[PDB]
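Below: one protein chain in two forms, given as structure tokens, structure 1 then structure 2.
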Structure 1
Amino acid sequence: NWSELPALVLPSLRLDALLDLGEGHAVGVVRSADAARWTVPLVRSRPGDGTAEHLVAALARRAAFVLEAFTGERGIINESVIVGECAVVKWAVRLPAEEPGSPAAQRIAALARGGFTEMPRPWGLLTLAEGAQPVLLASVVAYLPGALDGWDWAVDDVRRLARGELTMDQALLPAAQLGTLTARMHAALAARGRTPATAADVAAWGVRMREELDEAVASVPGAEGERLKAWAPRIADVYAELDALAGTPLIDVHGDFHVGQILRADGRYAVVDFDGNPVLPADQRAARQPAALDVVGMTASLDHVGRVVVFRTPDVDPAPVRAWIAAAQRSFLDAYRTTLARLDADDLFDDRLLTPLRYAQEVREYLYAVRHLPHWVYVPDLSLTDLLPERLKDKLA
């Protein structure tokens, strides 16, 4: 059977639930010794075995599981496995406790119900409705062929700008269209309601952002760490102003908004990856957050695109790239605010959170670097170099 039959839960133990897909394929919810639950495709199913294909077949042909549908495999990394070059099956590797799961089902459903179309077409949905909290197990959306994520087309656009193949207005147009897309996304997501942030909510932000700042200061080495340590008192002072921001509107957000989540194909843009920030606990990715968190996530990512272009491109002229960094963030912010005005949704964006959340986003770049990609410390170092002394001169005036 499947119950009796360690690293199985990790891509490349007791059983809680099993959805037999037939022919040896199954979607299992495995609990670890540390009370950690996992969604393990069983055949572990690798891209090509057919488990992702059997999931689409089981969803297209219809009590502990829920297989919803809406009307060969090649994987690429949660784990996203393309099926038939037409649908993307995304598994949920890590599962919460027996509590809230991935909010991607509620995010996509609210966007589709609000008229938001700048996203891949949803196909199916697999949900574990057995415990006290229904946990999302798999999502199936339409596969956009020949599509590239932001870390590919935005880098290519800025590289063409540095080579003179594009004008500044041509290079800034994607940043402006991303601003209008983000406003339509927030306007559709805010339809589910708004929640004023309590004094305990803004206090939890300060302690969390100060804790991460202390971790980065104590982990970033060499000259980059010395510059960050000198900046840390200034950053900590900005974190203290969060206590006076209680009552700011909290809505359903993307949670992990950056250019890599924006796919471009045939001149059209689509948003993906509504599973929440992976660095956040599983019981917080579905919580309502400020819309400015997505705004600072995208504007910081646009800044980082320019840093990457200068870093990786031989013989690059950094002058138009660095000018693009400032102009792309303005083009994004201007189009985002004006689109919220045309949608009568100006109330969900609180620009007082720009500087504190932007600083916290760059600190996470330090933490991501020391944990996954050590040389990446140059990106938040260059971003804060152009951002911190400018914002400090205004506070001292």
Structure 2
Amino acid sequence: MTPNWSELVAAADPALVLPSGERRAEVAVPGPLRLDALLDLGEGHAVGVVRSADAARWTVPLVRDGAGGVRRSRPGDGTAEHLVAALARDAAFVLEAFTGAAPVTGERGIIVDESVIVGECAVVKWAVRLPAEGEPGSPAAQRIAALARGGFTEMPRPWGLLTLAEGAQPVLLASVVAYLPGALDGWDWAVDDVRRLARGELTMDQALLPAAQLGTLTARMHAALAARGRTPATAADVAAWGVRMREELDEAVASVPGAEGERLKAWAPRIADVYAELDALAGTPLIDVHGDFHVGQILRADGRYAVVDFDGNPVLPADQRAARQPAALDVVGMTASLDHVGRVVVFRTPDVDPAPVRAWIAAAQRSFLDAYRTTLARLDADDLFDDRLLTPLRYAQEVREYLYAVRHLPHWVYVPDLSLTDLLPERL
């Protein structure tokens, strides 16, 4: 008889677990492989949770093939199709389907960051590397499900989620969401809006509306996420925040060159002064947040806004990205991002008049916060936002931009330099 899935995986080349296939033999995945869990999708298709001999765990879309026995599914094999069908139609797994899932067919691969377009209307995203058993990984499945359950719709419509039932949070193995082919992210559309403002093709009112819509979206998002509950920050939590933020400040002060570096070195005492007041913020509410929130995570098409990318903050250790944080963290991420959009327009656009752009920077931050506060109040969710955190967390956001610059793009130091120039009290 044909072996079971376990015997096929144990006998398969260890490169089975790799999306891009076998690599150089000198650094091959160590075998033998072991199948820890298997969701049978029918007709020779499956989702495996596979362990390599180094204890690393993997999500593997599998297909039985008479050529080699088993191999990793490729776009066009139909495994993503079969996952979608299992949504429309083993205790280790949780398959959650949402309204709108349909058994669409036809697969096309696309390169992101593995993602497979199905029926030219849905996107299946396979997790690849998983955390160790019982350890936290990406919270994207918990975020998307909480949003859908809360009636939040300003995101690609969820079709389904496949998770492994273990640990504090179910481990994400695959997500299926609506495909938005004609959608750009904010680093395209927000820059274009403000550029058009600078050219006089939009009025200030027109160029400010997206900032208000973003504020409403963020408030709707937080209200839905907060329905899963909240956790008061402890004294140790806020103390840890200050240590981390001061260390990042010290690194930026030690690495930023030139005039920007001199001004930052002169500003560091005041920034540190503000970080010091975090000790009085013990008890501030922590909720499930987006955690990596900025205009690049917002798709816009035909006046519809959609937030994506719920894996968490990529600079935190992988096992901390699911942790709850202050809602104000997302708030400052977006308001900082809006400021930066304005800085980029001025820096990149020939013959631009910075006066209207800088007026827009200030007015856009006010438009966002007003809409955010008004929407939270309309949703009776006012108390998740502790605005005492605005200044310390915003400063820390700008310091992160210095570190990005010195590590990846040196000239980018102008963004936090000009942002902080306008943020800091002009009394110093």
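In this text, the rigid core denotes the largest set of C-alpha atoms whose superposition between the two forms falls within 1.5 Å. Here, a residue number simply tells you its place in the sequence of structure 1, counted from 1.
- Once you line up the core between structures 1 and 2, the CA of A87 is the only one from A87, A286, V321, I108 that shifts by 2 Å or more.
- The Cα position of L19 differs by 2 Å or more between structures 1 and 2 after fitting on the rigid core.
- Taking the rigid core as fixed, one finds a CA shift for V56 of 2 Å or more between structures 1 and 2.
- In this overlay on the rigid core, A36 has a C-alpha that sits 2 Å or more away from its partner position between structures 1 and 2.
- Once the core of the two forms is superposed, the Cα of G131 has moved 8.6 Å between structures 1 and 2.
- At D266, the distance the Cα travels between structures 1 and 2 is 1.0 Å after the core is superposed.
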